[PDB]
Amino acid sequence: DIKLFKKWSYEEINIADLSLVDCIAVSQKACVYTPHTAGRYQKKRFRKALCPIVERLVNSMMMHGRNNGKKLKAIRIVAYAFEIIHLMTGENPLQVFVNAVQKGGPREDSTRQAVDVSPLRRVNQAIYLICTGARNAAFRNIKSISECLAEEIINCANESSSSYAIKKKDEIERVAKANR
Amino acid sequence: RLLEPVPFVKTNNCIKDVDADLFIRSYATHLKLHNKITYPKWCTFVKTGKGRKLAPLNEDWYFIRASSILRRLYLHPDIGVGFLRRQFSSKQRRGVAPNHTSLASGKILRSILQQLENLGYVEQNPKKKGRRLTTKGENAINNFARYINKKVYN
Amino acid sequence: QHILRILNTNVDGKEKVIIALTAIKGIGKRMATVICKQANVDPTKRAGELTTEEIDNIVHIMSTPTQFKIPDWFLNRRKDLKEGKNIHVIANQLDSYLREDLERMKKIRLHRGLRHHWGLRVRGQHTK
Amino acid sequence: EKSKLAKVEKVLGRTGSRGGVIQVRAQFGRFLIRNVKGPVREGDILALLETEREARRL
Amino acid sequence: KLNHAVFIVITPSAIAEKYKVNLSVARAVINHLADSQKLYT
Amino acid sequence: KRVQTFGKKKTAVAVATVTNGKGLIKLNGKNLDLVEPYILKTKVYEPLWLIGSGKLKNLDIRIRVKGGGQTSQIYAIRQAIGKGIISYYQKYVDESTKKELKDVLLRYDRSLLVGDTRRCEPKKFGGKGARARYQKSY
Amino acid sequence: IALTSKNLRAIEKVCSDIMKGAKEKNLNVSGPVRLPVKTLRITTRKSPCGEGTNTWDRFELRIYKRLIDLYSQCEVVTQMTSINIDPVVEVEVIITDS
Amino acid sequence: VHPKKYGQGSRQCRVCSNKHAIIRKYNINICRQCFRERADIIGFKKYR
RNA sequence: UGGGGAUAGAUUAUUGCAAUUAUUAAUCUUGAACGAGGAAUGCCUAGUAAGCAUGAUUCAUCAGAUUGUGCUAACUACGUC
RNA sequence: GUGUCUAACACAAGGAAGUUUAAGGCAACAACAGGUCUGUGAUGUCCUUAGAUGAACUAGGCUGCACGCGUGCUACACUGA
């Protein structure tokens, strides 16, 4: 049926938080043969859910200064990153990426008090955390951004404390718990 | 990367079937092998445009550029030198001030244009603007297109 | 052996030959590129495996442009003022000559000379 | 550590002084009330790391 | 730092780490092995 | 014979000419192969999979492109191919087959059936953007 | 025959008049060809002393050009033109036909 | 006298003779402060 | 660091009676601070925001300005006092 | 569905579009001793009006520079040159 880059099967499911499975691009109409379709994804409150998660991941990658407007490059970075993950372990990179996004999402957050977190927001934060961590790793270092993203994803998927996303999630939850 | 399977039919005989860079380099190499083209002398020293400041850093660049011009000729029929200067344009970093567009060097273009004409591959007519292609050159481009097309295919 | 040094005791050697040469003078890099071509050495090669003869040739080309196909518009120190032409002074001699020019301007009195004496920018720093 | 998937029963109201929080009632069996950040509606599922204290009704 | 000299999974950064060398030196090792960005798969 | 459609995203317009033929696809003077960006290559390969080879094999498609940059032009081309495929099956083949085909296209996405609704908002004095303004100060 | 005006209604009135006028001598006409609109645009700062928020307004003098042409002898078209005229529109006659 | 054929003194607002803010676009030669009075009688209308 | 282009020297051009407070232009060389910005504080919700350009305005001579125009196409609530 | 089940609102479907479709223009009442007499043969009063504060012409000056604060541009690299 539909395979990413004509390669990745991406029909396999992940158990996750159930709500998170609803949010990620499990659905057939959210799947595409190569990234990017760009519908109107601000319009209604839950409209963002309908976006392909790979489209969201590339958009997050496209963020920040010099990166802005380089959508194809963000697609190339994720494609390269998927190749790297496949080499590092023979698992499907998209499935690994869903595991990393599932792992990265914070359960509680802190306010002026402490609160639970939207599953759509948890995905949005997780992708944000993983990409920001990748940028931090990239900037003025040997590792390419594709490598950093792959490395961050595998560590986050594993549930390593060396992940920037896991470390930030742990700290965010720990401070929330500390207050309440 | 080099070749992918696709379902649709293609023309299979023109530059409109060809990888531009591969074609440009191959024809430039063929032309240099033939030895019809000359650099010549002074053109080793020159700069290619003030938007660059530098030069291509390849030593076979003039032949490449000549070949690249010949491809533009196949696309655009009756074009002239000001069109060429504009074609090869880029941005120029103005120091601290913002960029503005900057032409390629006009003598190298003019020299190629003249050289191709001397070697009979193009013809300036009294009609219209500048130089268009000669049939022998077109048939050769088609033959090289055919060689590449076979080479990828099998 | 492998990271041998360069002109006027500079320790460059894992730099590419162009990059080493530019790290003397010529770091608009057109100068280095033409010198590299006049020498006919590979610009991709690393500096510390040149023999002394290649270096001497390069120093000769840089020092004396006269017997090479280098045009006047390209040249360092293009006309040099007085009726007796001189060209391509370069390096510490250029720096010394430029100091002499600023001294000469000052003695004569020119606005630029006078500004150099004051310690003011020629193009001007503009209010601030 | 401990956590429970709890199913959103009723969305009660927008809370916090600047309105960014939402009060939400969650179903086990048992109803719990908790406060949620970001977009959420009835039939969603809360993470529920802390499985004890009910948030005060507004 | 010290990761640069002339004499002694496919991807240049790993090679540059492994032998402690530049990415140019890694690429040259890749080219010797074979006998923008590129496809190592 | 001939049937005609078009596609329109931002400035860009791609007109599709679908004639009775044999499986050729052109973009102006140029073969479909010469789109160039790999992502946008897939974007125009997408409808080819949705209608398969044997329904393509008795029609030739020629497309004529004016305006916009590459990403907009390719989406206009993709829309023109979608509408083009449907128009041929509505004029020559059958309404039922056309409905069956349209269902497939709809299942993939809406964007090759219905064009974009986004269009530029004019610049207004007091800032570089449409809405974005120069900095206030005290 | 080319018609240029800054007023839509006057040019359209002339259109109906020329259509009738042509049919009076039963002439063979090519349908009225509306040429691309030119707008004389001035984007003007508000305030004579340049006060307050900068504030610009965009003024337009929009001229309409149209062409209707006829295969007929030179005398007939000039005489038709002289009966058909009104003061406001700018008329040009380019017909050398027979 | 000693005349100057170009630059600031070569031109003026046709209406008021002032040398400032002159619209030379389309060869109007009126300063905008004068022009905005007359732009309607000249035939312009604003819409945007 | 081959990032950066401040700063300076040597040219031949261009507009003009006049360029000499580097007018403007290019050529070669010259290679400063600056390792992503403290206290503070600006603008922004869908083709927007951001990046990237360019036309017009002044103009004999000149865009780092203003005003338009496009292409590349984000994030995040989607509301609260 | 909700709403006195009134004016009306909410969601989904249909639809190119569903908030007044998105963007402009026009902008009351009543003020401000806001700005503009260096835009105007709009203009009161006051100064001055031929060793003229008019007209005109030659230079120099408006970019000066121990220094302070606004607004913008360009950078600090490898998703880059």
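As recorded in the PDB header, cryo-EM is the method behind this entry, and the stated resolution is 4.7 Å.

A.B. asks: If you had to explain the overall build of chain E to someone new, which residues and values would you point to?
C.D. replies: What chain E contains, in helices and strands, is 2 helices and 0 strands. With the principal axes as the frame, chain E shows a C-alpha extent of 30 × 20 × 20 Å. The 41 residues of chain E split such that 17% are buried. As displayed, chain E offers around 3500 Å² of accessible surface, 59% of which is attributable to carbon and sulfur atoms.

A.B. asks: An account of the sheet that holds strand β4 (residues 30-31) of chain F is needed here, citing residue identities and associated values.
C.D. replies: Residue and element names in this part refer to chain F. Reading across the sheet, the 5 strands line up as β1-β2-β5-β3-β4 and stay open at both edges, with mixed pairing between neighbours. Strands at the two margins of the open sheet, each flanked by one partner only, are β1 (2-9) and β4. The pairing of strand β3 (residues 25-27) with β4 spans 2 bridges and is classified as antiparallel. Within β4, the position partnered with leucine 27 by the bridge is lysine 30. Contacts between helix α2 (residues 70-93) and the sheet are confined to β1, β2 (12-20), β3 and β5 (59-66), with β1 contributing the most and set at about 150° to the helix.

A.B. asks: So what about the packing of helix α4 (residues 93-104) of chain A against helix α5 (residues 119-138) of chain A? Which residues, and what values?
C.D. replies: Residue and element names in this part refer to chain A. Running from amino to carboxyl end, α4 crosses α5 at an angle of 105°, the nearest separation of the two axes being 8 Å. Comparing the axis directions of α4 and α5 gives the class roughly perpendicular. Of α5, the residues touching α4 (which contributes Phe97, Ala100, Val101, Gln102 and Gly104) are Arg122, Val123, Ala126, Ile127, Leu129 and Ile130. Broken down by class, the residue content of the contact of α4 with α5 amounts to 8 nonpolar, 2 polar and 1 charged.

A.B. asks: Tell me about empty space enclosed by the protein, and please be specific about residues and values.
C.D. replies: Residues and elements named next belong to chain A. Roughly 180 Å³ of internal volume is contained in the largest cavity. Taken together, 16 residues line the largest cavity, and the ones lying closest to its centre are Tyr10, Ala25, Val26, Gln95 and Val98. Contributing elements (two or more residues each) for the lining of the largest cavity: α2 (53-62) and α4. Ranked by residue count, the leading element in the lining of the largest cavity is α4, at 4 residues.

A.B. asks: Now, about unusual backbone geometry: what can you tell me, with residues and values included?
C.D. replies: Its identity as a non-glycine residue notwithstanding, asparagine 12 of chain B has a phi of 65°, on the positive side. Within the fold, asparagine 12 of chain B resides in the segment before α1 (20-34). Accessibility expressed as a relative area gives 32% for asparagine 12 of chain B, which makes it partly exposed. The phi dihedral of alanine 91 of chain C falls on the positive side, at around 60°, and the residue is not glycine. Inspection of the secondary structure assignment puts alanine 91 of chain C in helix α4 (residues 91-108).

A.B. asks: Hey, could you go over the protein's contact with RNA strand J for me, with residue numbers and the actual values?
C.D. replies: The environment of RNA strand J is made up of 42 residues, and the closest members are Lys43, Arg140 and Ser144 of chain A, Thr127 of chain C together with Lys46 of chain H. Within 4 Å of the protein, the contacting atoms of RNA strand J are drawn from sugar and phosphate to the extent of 78%. Here a phosphate oxygen of RNA strand J and a side-chain polar atom of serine 144 of chain A are 2.6 Å apart. In the environment of RNA strand J, a base nitrogen lies 2.7 Å from a nitrogen or oxygen atom belonging to the side chain of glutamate 37 of chain H. Broken down by element, the residue count for the surface near RNA strand J peaks at 3 residues, all from helix α1 (residues 32-42) of chain H.

A.B. asks: Go over the interface of chain D and chain A with me, naming the residues and quoting the values.
C.D. replies: Facing the 19 residues of chain D at the interface are 18 residues of chain A. Overall, the association of chain D and chain A removes approximately 1800 Å² of surface from exposure, summing both partners, and the carbon and sulfur fraction of that is 56%. The interface formed by chain D and chain A includes 5 salt bridges. Of the charged contacts, one joins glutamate 1 of chain D and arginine 107 of chain A as a salt bridge, the two residues approaching to 2.7 Å between their closest N and O atoms. Put simply, chain D and chain A have 11 residue pairs in polar contact between them. Residue assignment for the side of chain D that touches chain A shows that the elements contributing at least two residues are β2 (21-27), β3 (31-37) and β4 (45-46) of chain D. Considering each element in turn, the side of chain D that touches chain A owes the most residues, 4 residues, to β3 of chain D. Class assignment for the residues of the side of chain D that touches chain A results in 11 nonpolar, 2 polar and 6 charged.

Criteria and thresholds
- Residues numbered from 1 in each chain as written, not as in the entry; some residues may be left out.
- Chains lettered and ligands numbered in written order.
- Part of a larger assembly, values for the part shown.
- Heavy atoms only, no water.
- Helix = DSSP H or I, 4+ residues; strand = E, 2+ residues; numbered from the N terminus.
- Buried < 20%, exposed > 50% of the residue type's maximum accessible area, 1.4 Å probe, protein only.
- Areas by Shrake-Rupley, 256 points an atom, 1.4 Å probe, with all protein chains shown as cover.
- Pairing = 2+ DSSP bridges.
- Contact = heavy atoms within 4.5 Å.
- Axes fitted to C-alpha atoms, helices over the stretch in contact; angles between N-to-C directions.
- Parallel < 35°, antiparallel > 145°, perpendicular 65-115°, else oblique.
- Nonpolar A, V, L, I, M, F, W, Y, C, P; charged D, E, K, R; others polar.
- 1 Å grid on protein atoms, 1.4 Å probe; cavity = no way out; pocket = protein on both sides within 12 Å on 5 of 7 lines; lining within 4 Å.
- Points joined across faces, edges and corners; volume = space filled by probe spheres on them.
- Near = heavy atom within 4 Å.
- Polar contact = N/O pair within 3.5 Å; in protein donor to acceptor, adjacent residues only side chain to side chain.
- Buried area = accessible area lost by both parts, 1.4 Å probe.
- Salt bridge = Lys/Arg side-chain N within 4 Å of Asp/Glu carboxyl O.

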